[PDB]
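Contents: one structure, followed by commentary.
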Amino acid sequence: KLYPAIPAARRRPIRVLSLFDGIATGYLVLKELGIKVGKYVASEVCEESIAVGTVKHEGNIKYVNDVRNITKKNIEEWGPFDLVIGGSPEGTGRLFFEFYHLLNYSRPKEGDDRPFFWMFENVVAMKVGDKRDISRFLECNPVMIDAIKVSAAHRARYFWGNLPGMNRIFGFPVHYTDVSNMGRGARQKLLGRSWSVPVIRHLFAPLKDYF
Amino acid sequence: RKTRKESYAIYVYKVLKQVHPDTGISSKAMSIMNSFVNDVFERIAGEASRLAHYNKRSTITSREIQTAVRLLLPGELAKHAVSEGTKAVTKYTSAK
Amino acid sequence: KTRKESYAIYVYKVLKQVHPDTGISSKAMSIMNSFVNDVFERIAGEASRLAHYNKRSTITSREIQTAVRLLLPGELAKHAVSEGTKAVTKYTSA
Amino acid sequence: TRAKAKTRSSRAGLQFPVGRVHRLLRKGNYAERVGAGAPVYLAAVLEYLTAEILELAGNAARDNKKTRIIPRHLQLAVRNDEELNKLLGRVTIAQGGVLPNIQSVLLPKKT
Amino acid sequence: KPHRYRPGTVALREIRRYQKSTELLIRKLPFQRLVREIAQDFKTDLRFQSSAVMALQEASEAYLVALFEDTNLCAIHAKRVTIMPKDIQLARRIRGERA
Amino acid sequence: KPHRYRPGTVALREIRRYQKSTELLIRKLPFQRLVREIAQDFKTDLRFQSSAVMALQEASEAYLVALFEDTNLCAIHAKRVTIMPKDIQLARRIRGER
Amino acid sequence: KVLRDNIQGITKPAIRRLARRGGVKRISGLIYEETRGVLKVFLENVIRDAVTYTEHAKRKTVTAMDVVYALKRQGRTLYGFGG
Amino acid sequence: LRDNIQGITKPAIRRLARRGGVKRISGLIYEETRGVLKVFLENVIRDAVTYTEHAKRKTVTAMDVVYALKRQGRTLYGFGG
Ligand SMILES: [Cl-]
Ligand SMILES: [Cl-]
């Protein structure tokens, strides 16, 4: 399935709904997309992401105190969302089902020509029954991308989403690897930051042609 | 009674505080880290000396230690250590 | 051309001293030269390590003797210690 | 001389001593000449490996709810990492034991 | 009225208990006597530091635990769950120690 | 119909024939192509002396023959005469290269 | 030209000859792919070290001495080409 | 001075095998394991006593056993180095 690309003369800002994230990745990566944000709405049960947001992100983000607070009225009041992303820093099933329920509120109806994009993230240590159930719920197959091209750790990941070009395009770079090596905490940034910045900008690369 | 056996104990503790500021370390684990540093040291200086004898050279520079690290550390650990080492030699050669 | 040194004529000499009629090929000569270089580097390595352990800087016959007793297994060690002590006596009393 | 005695560790932005590494490269009988980039680089490499292992060991101490790194924590830190296992496969760490590894066929058929 | 477990459950329980612990499993004094007995056939009247015998014990137990690991892999490979001297000999043979 | 042997007899005959011989069993040119292919992923435009590729072939065949010796011991240990990737993996695991 | 698919050049009869020198009587079918994998990983390590020795020698031709030093470093000392 | 190999007891070999992950131990294991342990200790103590001989000493230090195990390719941490 291929979606039509609007030309770049129509520069509308991107409305993002990021649901679960320890260190807020999506707004920062959208700041380094080169494009502006329409609406960025975040929420977290704990107060750690709220503290990180009220210290770092300068208050350009609409926060909700709890994920159990967002209803259909809040989605219809805070504008339609263009992107919906769910990740994480036995509650993983809880995170997925809250994600899918909020995803059903943000999906456009039959007739809207608005470009919609979503993404869900979890590693390959999931039970295979939960994997096939999530494949049934999302109507999309995950891709098993391993940390073996850029890394050596046995931490592979399944991806779900509506992203154009996500099957086998990811490979190993040498220049990005070289620039990312220079740290004494190189593999701690490999365990966290390499899952945060480069893979996400690699997957959300073609959105700048849309907007 | 005056004999001081040298060690890397204070330096392992300083790097630990610079990584985990609230986590301490026992003296047995300090001995294991000391012998790990001594071991890896001997391995890299060994390989460097061997390389220097191979290439008909008598001067061990950073390039000999660099290719000894690229030999001894397995892959991405070698890439991170060659980057960290070249960064520290850059900082060293252009300091006050 | 720079002369690449070898133990080839010495292997041939000791071969004639142990088999006066049997010759040897050049690839087997390379294998014997490489064995001699290898065992040389092994014994001189272990002996250097022995000198470093005992805070010494002089390699004498005792360091090479303990290196040979480490590296050669059992009867090879005993016969090499015998032959070596014999040759060191023959050297110091000549 | 009249100058602030800035050590080569701080000059290189490192922690491990460039002087002790340098005089062990001199005393250790490795070559006739030993440079300055060699002990700077080697102190950097040793500091990075010590940093990574003490990092993983503090992690395993955190997982064990302890603030003091024991031998067992170094054991888990090295043997649960793949590249540190490749580095120290032929190396015994004392008071460490082995990983909690139980094979699948030895478990009872809880189905 | 007296309770009794199956063999596999106490066996696996001991496997877990000793893979969690770090203490030396061979007792100190009979290992020391074994070390002195083996040493006796190399030089008479040999002395030992305590840390030397502790180092011998750490390395000996670690060696035998890696040996039993490989021995268990030989047993499992041969469709068994019981280790045999066949398995020890196969392990030492593949490791190159048969000499 | 013409004469036909049992499997074990020609199998043992080849075991005897190749344990007596000393020549390289892998052909020279596909091994050379494999060496250039593996080298390609480390540096472009690498050259090789002939004796270097011969040394690689001697060591590679010796390594694989020691591997099949340990693999045959794993097979025999499992009451089988057929080597399996089970046996190869057991051999490499006990040798410590996994 | 980028060389590809050269691991298939280690043919099935060559693996059978290697098996015969090792004393193997009977050979299953997955042996050949597994053996190509193991030989590939072995040559990866050895050629990686030899290329590294070439890199530090400021050269572009891998000598036999480099492969000897590499095999020797990995605890498999090869005689016949120096050392 | 001959039952010192019997000091490596059947419970102790069983504890070692439990740490190695062994579920079931046949009876012929224990004598074989005593044998293998004795051969390993023969090689190690042989090398360590050789090192003691070279230092002209009468006691075997822990550094000697570390150097011996290091020579035999089984490096031991935590006893100097
Ligand atoms: Cl330099
Ligand atoms: Cl038996």
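Easy rule for this one: first residue shown is 1, then count along the chain.
Cβ from N, Cα, C; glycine included.
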S-adenosyl-L-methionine site partner of A:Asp21, A:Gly22, A:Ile23, A:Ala24, A:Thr25, A:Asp66, A:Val67, A:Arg68, A:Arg193, A:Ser194, A:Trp195 according to Swiss-Prot, chosen from A:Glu44, A:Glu47, A:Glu58, A:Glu77, is A:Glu44
If one consults Swiss-Prot for SUMO2 cross-link across A:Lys56, A:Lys62, A:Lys72, the residue flagged is A:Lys56
Cβ atoms other than its own within 10 Å of the Cβ of A:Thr25 (S-adenosyl-L-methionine binding site), all chains, total 19
For A:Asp66 (S-adenosyl-L-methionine binding site), the same-chain residues 6+ apart in sequence with C-beta under 8 angstroms from its C-beta are A:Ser43, A:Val45
For A:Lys56 (SUMO2 cross-link), the spatially nearest of the binding-site residues A:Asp21, A:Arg68, A:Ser194, using Cα atoms, is A:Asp21
The sparsest Cβ environment within 10 Å, among the binding-site residues A:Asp21, A:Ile23, A:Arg68, is found at A:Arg68
